[PDB]
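Novice: sequence and experimental coordinates follow.
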2 protein chains.
Amino acid sequence: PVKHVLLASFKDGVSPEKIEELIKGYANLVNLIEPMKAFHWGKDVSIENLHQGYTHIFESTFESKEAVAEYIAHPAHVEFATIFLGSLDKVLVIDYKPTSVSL
Amino acid sequence: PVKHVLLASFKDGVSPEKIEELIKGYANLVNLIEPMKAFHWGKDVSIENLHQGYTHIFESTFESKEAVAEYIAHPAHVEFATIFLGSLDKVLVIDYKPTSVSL
Ligand SMILES: [Mg+2]
Ligand SMILES: [Mg+2]
């Protein structure tokens, strides 16, 4: 499954309540967008001080590379991204297929 | 489960074969370190050009925050980290508990 990951920090002024609604708004793309299967997230609680300032991590689970492809090409995603991104000071995205060391 | 994530790029000169052995060396910390349960990884295949230069993503799965705690305090991890980190131009770490939007 193509795992779609976004790491970011919320701009100055963004309230805890806005972030709550923003995250619920992002997770709602599972419902609005067929190719996006599951959505998980979390705040960072590391201890190594190597987080580069990023505070959250969002993980979405697609079935194929083409799925992430369409998702980006979805009008609901294009609309919502404006709302969310406007709340960020920085965004880091990664797309990978969980590879394992096995036989 | 405390998900431990590392994102990074391999310094100039690092060969594809070194990265292969380096990744196998990292995954081997599951065996050497009791608290570290599973390990998955992947190269980045995003399309948004928002990867900030990072090329890989490593995911480790611990059961609790204290588990990641001990892992960092493990001599085998301290030793191996020197080998791996010496191969990186930059490292970004995040520790989170996959939170879901549900009842
Ligand atoms: Mg869906
Ligand atoms: Mg273990």
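Specialist: Perfect, I can see it now. Numbering: from 1, shown residues only, chains lettered A, B, ... in the order given. Ligands and ions are numbered 1, 2, ... in the order given.

Novice: how about the helices in chain A?
Specialist: Under the criterion DSSP state H, chain A carries helices at the ranges A:16-27, A:29-32, A:65-72, A:75-85.

Novice: so the first one versus helix A:75-85, what angle?
Specialist: This points to helix A:16-27. Taking axes from the mean of the first three to the mean of the last three Cα atoms, to 10 degrees, helix A:16-27 and helix A:75-85 form an angle of 160 degrees between their directions.

Novice: give me every residue in chain A lying close to chain B.
Specialist: Taking Cβ under 8 Å from any Cβ of the partner chain as the criterion, the neighbours of chain B within chain A are A:2-3, A:5, A:7, A:23-24, A:27, A:39-48, A:50-52, A:54, A:57, A:59, A:65, A:68-69, A:72, A:91-101. Where you see a C-beta, it was placed from the backbone N, CA and C, and this is true even at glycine.

Novice: OK, contacts around residue A:92?
Specialist: Applying Cβ atoms under 8 Å, 6 or more residues apart in numbering or on different chains to residue A:92 gives the contacts A:6-8, A:54, B:7, B:50-52, B:54, B:92.

Novice: what do you get if the cut-off is 10 Å, keeping everything else the same?
Specialist: Applying Cβ atoms under 10 Å, 6 or more residues apart in numbering or on different chains to residue A:92 gives the contacts A:5-9, A:52, A:54, A:57, B:7, B:46, B:50-54, B:92, B:94.

Novice: identify the residue nearest the residue in chain A positioned nearest to ligand 2 in space, chain neighbours excluded?
Specialist: Among the residues of chain A, residue A:101 lies closest to ligand 2, at 13.6 Å counting by Cβ to the ion. Closest residue to residue A:101 apart from its sequence neighbours, by Cβ to Cβ, 6 or more residues apart in numbering or on different chains: residue B:27 at 4.3 Å.

Novice: so who does that neighbour touch?
Specialist: Contact partners of residue B:27, counting by Cβ under 10 Å, 6+ apart, are A:100-102, B:36, B:38-41, B:58, B:60.
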